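Counting starts at 1 for both ligands and their atoms, in listed order. Lettering follows sequence order; numbering is per chain, from 1. For the numbers below, each heavy atom of this structure counts, side chains included, while hydrogens, waters and symmetry mates do not.
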Amino acid sequence: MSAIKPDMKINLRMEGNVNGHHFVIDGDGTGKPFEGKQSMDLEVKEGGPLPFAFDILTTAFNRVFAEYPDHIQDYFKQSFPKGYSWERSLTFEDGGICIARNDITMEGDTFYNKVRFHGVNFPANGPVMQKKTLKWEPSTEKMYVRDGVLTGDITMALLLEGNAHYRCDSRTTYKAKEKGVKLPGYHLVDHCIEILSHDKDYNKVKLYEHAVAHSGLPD
Amino acid sequence: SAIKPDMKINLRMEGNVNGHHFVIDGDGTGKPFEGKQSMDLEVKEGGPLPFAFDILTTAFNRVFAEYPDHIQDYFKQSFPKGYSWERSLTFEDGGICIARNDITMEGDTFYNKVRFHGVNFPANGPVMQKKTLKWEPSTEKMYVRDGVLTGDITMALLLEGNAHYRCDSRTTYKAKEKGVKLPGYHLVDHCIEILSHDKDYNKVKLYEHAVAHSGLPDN
Amino acid sequence: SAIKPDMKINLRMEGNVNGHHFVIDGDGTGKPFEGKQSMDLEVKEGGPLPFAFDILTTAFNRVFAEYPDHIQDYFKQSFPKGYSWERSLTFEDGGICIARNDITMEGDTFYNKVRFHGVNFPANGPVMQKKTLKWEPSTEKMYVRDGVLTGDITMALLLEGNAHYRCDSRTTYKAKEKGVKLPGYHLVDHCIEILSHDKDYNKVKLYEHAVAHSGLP
Amino acid sequence: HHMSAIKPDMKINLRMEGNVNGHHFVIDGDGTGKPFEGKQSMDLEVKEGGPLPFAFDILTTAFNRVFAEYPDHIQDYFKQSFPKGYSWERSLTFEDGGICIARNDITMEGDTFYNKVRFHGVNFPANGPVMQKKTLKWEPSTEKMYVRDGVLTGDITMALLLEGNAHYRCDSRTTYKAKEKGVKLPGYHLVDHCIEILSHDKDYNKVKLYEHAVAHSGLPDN
Ligand SMILES: O=S([O-])[O-]
Ligand SMILES: O=S([O-])[O-]
Ligand SMILES: O=S([O-])[O-]
Ligand SMILES: O=S([O-])[O-]
């Protein structure tokens, strides 16, 4: 009924603008939806070398790639073959604010991702514009229904140079394309995201993510 | 200098709110030294808008603000070359927009290249249900933050049923030419009004009046 | 008629910021219809204060605001019985304060029982460092929310070296008597100033000027 | 770095004083816990200000991260802050504008932790879930722990389940400060927790509270 395969391809085009700098980024990769794992090779096609930390873009580069236990409704795998969309705001602690969206379709073995990313008000000598970010720290998304819609709320942190941290408050709304996909109960999604390799300027990046859904303590 | 007592305003806005793409053209006139401006707005692509027009109206130029002699006018000093702004709008129910405008002048006309993106407006909130009446009069705080002129404001939309709907906005302004003198802390009063519109807001007449001041007791 | 042209102000504040307990007494005067008040303040306990005195000053009465005829004056209408307010103050570096005042009146004097609690001010921040100079003049936005008069404001402290330090504040205002008529949306301009102080701010003279208006046009 | 004097089975003595929306209260607490298992229970009694006119649930995170199960590889700032103790300050920012701040000064004598807790809150809307007592429980959540401004900081966005099944968000920031010098600061880590009112009398004048807390490194090392 769902047509989600153990191994899937990922096609992606991201376009957007941060701090007035336009960019286009293409991604091709593979994932294991039932294992909650995915990888992607990315190439900056326009606007390279990027004047900002590549790390701010990486959560925009699909919750279908999360390991869901049987006892939790898997909204994302239940959304196919028709697919779904998400919208997200990223509010950073120094006033940098980004909005993003992805329209996700599926054709055969391949997920297609139309991603948009817009960012404003990053300070000139902040860690984003100065490329002082090292990685996203592992974090946990809270999944719950708000105004008829599945919503993911998370506070994430970028590890910085010198082992400082840089806070980002994120809210995502997820919407199945097909009418009447059953919404899940409150649950948690643990994730980690990692740049596996990159060239000096981050014109080429190999990206990986692992995500696991769960009910949290006590079980 | 470059600024004439009567100016023309040419504007194109392209954007996306809650997944809905749109294009809006603006043609108008204003008196920069009196801080007054009007515009006729025409929805080109994406009419009729599925969301409240009111969210867009602050994005449709601080050059049209009455500055007293004791306050540095950053905006009139930015011309002929012009300036750009970036803005975030954080609404109380989680809706978040980002906007930008690159402002140029040739002859007696200001040209505005405007982008507007918004996400996470609830289906039954006042924006998607078109339950807003107007922006209440407000006061923007201008000050320098990380080497850039920053405008901070809490605005409120009046709703049908008389409730108020809070928006927190931050704008950064940047002159194109190097070495334009940054002002000291000041305030800008403003009021914005949709003078007329057709049923579906595919046509809108918009007016704004803005006045800079020192605050109490010097205002 | 409860509001006289020249009134006195009695005040006791107690609180705790970043673990440090303090008591501060105030005695002042003002002109309710001119929207002007000043007060002499004295630290009775916990002096010298280890934090910037400025964080407390908006907690040291909107009855002292010049209201024009066309705006309902919730505050002067709340007397002789009084009103109370509650306020949260969210500073941009995570320092968060909450405050309360219960205001009563007898003759020509307002009595104020004030509480002020603050946490999470960083040691390297302007408050614990005492790098504040003044509150910049600001505009509070007054509207009804869930049946209660509410004031929302973005305020900013001028810092040494002319940086600013932002504070977001929400106040809820509550008349003691039933049937005090709620105003419509309006703005209140204010400026607050420490006029004089001794070295450690154990004694402080404070001044405020406030004016209600509709805004443009 | 040193021996904590923390025993496998500990007693907990607590007094909370506070004021929410102008309402003053005193609440006494007596419990027990297993520091190394990350588990604790407490019986709470309202001594002044009963019956409480707001949701008891807003207070329950205020009623000690000693009671967290720490792996060997993550520095345990809380157990290493003993025998001398530590204190925390916390802000609670609810989505409808209610704001609380809280403090706890934590000491130890023999097998007993002592807790001097202060809790103040303002601007809870009269018709909101807190003042209307429409909360059900805190959902399980994960706190992020890292060093900020030289201080161990816990940042968490938590949710109260409401009647009618909506959720009610609270953004909480805690700063933790050891009383003694020389307590090693931990690197970034996560703490999973669950908090539960096991039982209560009708007006919540008497409450039985339980919590389980587990620190980990997150994915993949969890
Ligand atoms: O996917 S994790 O390894 O960042
Ligand atoms: O711009 S004013 O007339 O609302
Ligand atoms: O009252 S003003 O001048 O600080
Ligand atoms: O403490 S747990 O059982 O919610």
Side-chain angles (χ1 to χ4, degrees), chain A residues 215-219, chain B residues 28 30-31 34-39 54 57-58 60 64-66 133-138 155 157-158 188-196 205-211 214-219, chain C residues 28 30-31 34-39 54 57-58 60 64-66 133-139 155 157-158 185 188-196 205-211 214-217, chain D residues 31 33-34 37-42 57 60-61 63 67-69 136-141 158 160-161 191-199 208-214:
Chain A
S215 290
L217 301 171
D219 300 299
Chain B
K31 300 164 179 291
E34 288 178 38
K36 297 182 184 205
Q37 72 185 302
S38 305
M39 188 171 274
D54 281 328
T57 62
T58 71
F60 295 124
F64 301 94
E66 185 188 334
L133 299 171
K134 62 166 188 160
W135 290 105
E136 299 280 19
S138 53
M155 297 174 301
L157 282 163
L158 177 59
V188 184
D189 289 349
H190 94 283
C191 61
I192 198 161
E193 194 195 345
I194 286 182
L195 294 172
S196 64
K205 178 176 271 292
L206 189 65
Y207 169 77
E208 180 187 285
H209 186 206
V211 187
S214 291
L216 265 193
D218 322 301
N219 64 356
Chain C
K31 289 172 181 299
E34 294 188 13
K36 295 171 179 179
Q37 58 181 317
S38 38
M39 184 178 271
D54 286 326
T57 60
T58 73
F60 291 120
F64 299 97
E66 187 188 349
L133 296 178
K134 62 180 274 198
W135 288 107
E136 297 282 25
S138 51
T139 303
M155 299 188 295
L157 291 154
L158 184 57
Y185 175 106
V188 179
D189 285 358
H190 85 252
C191 68
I192 179 154
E193 183 184 6
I194 291 173
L195 289 176
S196 64
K205 185 183 302 283
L206 184 64
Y207 173 78
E208 188 181 279
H209 185 192
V211 176
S214 285
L216 303 190
Chain D
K34 290 189 192 276
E37 290 191 34
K39 292 165 165 198
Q40 72 184 307
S41 286
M42 179 167 288
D57 288 315
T60 58
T61 77
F63 294 120
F67 299 98
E69 185 198 310
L136 294 168
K137 66 173 184 184
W138 288 111
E139 297 279 23
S141 54
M158 300 182 298
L160 279 158
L161 178 73
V191 185
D192 288 355
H193 74 111
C194 72
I195 174 97
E196 195 193 337
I197 298 175
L198 299 176
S199 73
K208 192 189 216 67
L209 190 66
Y210 171 78
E211 184 178 295
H212 185 205
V214 189

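- The side-chain hydrogen bond (donor to acceptor under 3.5 Å, both in side chains) test applied to B:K31 returns B:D6, not counting sequence neighbours.
- Remark: the backbone N or O of B:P137 is paired with a side-chain donor or acceptor of C:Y185 at under 3.5 angstrom.
- For B:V188, the side chain to side chain contact (heavy atoms under 4.5 Å, CB included) partners two or more places apart in sequence, or in a different chain, are B:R62, B:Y67, B:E140, B:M142, B:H186, B:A210, B:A212.
- With sequence neighbours excluded, no residue forms a side-chain hydrogen bond (donor to acceptor under 3.5 Å, both in side chains) with D:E196.
- Annotation: side chain of B:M155 is in contact with side chain of B:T58 (closest heavy-atom distance under 4.5 Å).
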Write out each pair where an N or O from ligand 2 and one from the protein are under 3.5 Å apart, with the distance.
{"residue": "ligand 2", "atom": "1 (O)", "partner": "B:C191", "partner atom": "O", "Å": "3.0"}
{"residue": "ligand 2", "atom": "3 (O)", "partner": "B:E193", "partner atom": "OE1", "Å": "3.1"}

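- For the pair C:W135/C:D54, a side-chain contact is recorded, criterion being any heavy-atom separation below 4.5 Å from C-beta on.
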